[PDB]
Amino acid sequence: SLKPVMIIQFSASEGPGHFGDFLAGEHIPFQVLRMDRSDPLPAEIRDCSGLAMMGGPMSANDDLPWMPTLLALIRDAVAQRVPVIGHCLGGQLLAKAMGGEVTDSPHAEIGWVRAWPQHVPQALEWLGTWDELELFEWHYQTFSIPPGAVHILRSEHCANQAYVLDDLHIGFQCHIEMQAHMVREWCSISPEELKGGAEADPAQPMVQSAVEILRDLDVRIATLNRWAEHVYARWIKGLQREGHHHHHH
């Protein structure tokens, strides 16, 4: 009888991914709302046990009809201790709601990138390790670290890969939700953004080709899935739960 996790989705192609499968395997109910279909947001954040946000094909700075309402809802989640998890745009929106800014990156990241946890105990707790990680990226902008948050992960071309707030909320620039078929799908929807593509700037130091992105895909997805599951397992410890005051046997 847990209240559902509310998942905010911004397009048809960017679904819950591994996160959805993880919740299904925990028998945690979840409800998706599509911002691109103008689905209404709940007035009361406490109607959900936790708030998750996926990525989307827009900038966090774009002037969209649901933007003020969603930023206010994120603020309410943080005030009410309803945990928030944000993936790519979702990480950016968590940061913006809390006072951070989203700006254009000097260089984009598209494909598999080397990343290093910050040497802080929060990185060990949430990511499982201080060892190098491999991240899946597809982004042109970056969040600042929001006030009160702890920076936990960096890459060469994007220092701000992840942060944690209040031991409860976590935002990522990268996509920890990926499954192999989604990588394939995204590459097929937008091939021109990839190295060699019609829209790609050949000077980009961290934009990979389709061939590079698909190389050893299943094995590197399994690697990602395992530490993503560590993050998700930590994050759900924070779900809001109505305490029973009596039984019903």
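Residue indices: 1-based, along the sequence shown.
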**OP:** Compare the CA B factors listed in the entry for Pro83, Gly148, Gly171, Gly111 and report the winner.
**Re:** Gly148
Original post:
Hey, out of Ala180, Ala210, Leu51, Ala198, whose CA B-factor is highest in the deposited coordinates?
Top reply: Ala198
Subject >> Ranked C-alpha temperature factor of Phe10 among modelled chain residues, by third >> reply: highest
Subject >> CA B-factor ranking of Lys237, expressed as a third of its chain >> reply: lowest
**OP:** Could you tell me which third, lowest, middle or highest, the C-alpha B-factor of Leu217 occupies within its chain?
**Re:** lowest
Original post:
Within this chain, which third does the Cα B-factor at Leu153 fall in: lowest, middle or highest?
Top reply: lowest
Original post:
When the modelled residues of the chain are sorted by Cα temperature factor, does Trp130 land in the lowest, middle or highest third?
Top reply: middle
